[PDB]
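Read the single chain below, which is given as structure tokens and is the form deposited in one PDB entry.
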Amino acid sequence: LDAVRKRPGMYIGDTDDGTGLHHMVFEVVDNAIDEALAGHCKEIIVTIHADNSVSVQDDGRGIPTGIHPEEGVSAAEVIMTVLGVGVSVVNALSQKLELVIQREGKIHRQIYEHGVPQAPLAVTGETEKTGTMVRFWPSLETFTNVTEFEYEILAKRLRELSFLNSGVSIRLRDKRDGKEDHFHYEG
């Protein structure tokens, strides 16, 4: 997790032309699409926030929250902090990352900063629903020159993804200007 911070282009792509930056999104989206291909997730929402963060929400099972017997911390944290390339790469290159899991009746929440958990995964409330929400703020120490997310890049890729994932609702939302798209292919 520190080799990643020192040579990020190897892991994420060009950190100066926007390629790496948008691949951060797609790596999180991949995690959600994995749940859809296994048949558990029917809806994904990608949101570009106005504070330079992107969130990806899915309605799958939720990342397992029980304690990993080998590692001694929640399985979710194990996924976020141990070496597509992996969601831990995104976590490593994010100055902040918010993880919210809905699973087994309980809402779980955890905050990271540069891949380092600020506290253990914690139960915060109760929920009928299930799914994973990941919201990340890319680090401007890593990402240079191109520092804004670009709607059309995200839209083009997500549209491309809908065709490979039948019956999966993929919504893109931009809170900067209200733009909104919905890719839902059913063939």
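Only residues modelled in both forms are compared. Here, rigid core means the biggest group of C-alpha atoms that superpose within 1.5 Å across both forms. Each residue number is its position in the shown sequence, starting from 1.
Here the subject shifts to the form deposited with a small molecule bound, a form of this protein not shown in this document.
Residue heavy atoms within 4.5 Å of the small molecule in the deposited bound form occur in exactly one stretch of 145-153, 158-166, 28-36, 122-130, and that stretch is 28-36. Of the heavy atoms in residue 53, none are within 4.5 Å of the small molecule in the deposited bound form. In the deposited bound form, the small molecule lies farther than 4.5 Å from every heavy atom of residue 89. Looking at CA displacements between this form and the one not shown with the core superposed, a shift of 2 Å or more is confined, among 69, 39, 125, 120, to 39. The distance between the CA atoms of residue 42 and residue 37 is at least 3 Å shorter in the deposited bound form than in the form shown here. In the deposited bound form, the Cα-Cα separation between residue 75 and residue 40 grows by 3 Å or more relative to the displayed conformation.
Moving regions between this form and the one not shown, defined as 3+ consecutive residues each with a CA shift of at least 2 Å after core superposition, come down to one: 35-41.
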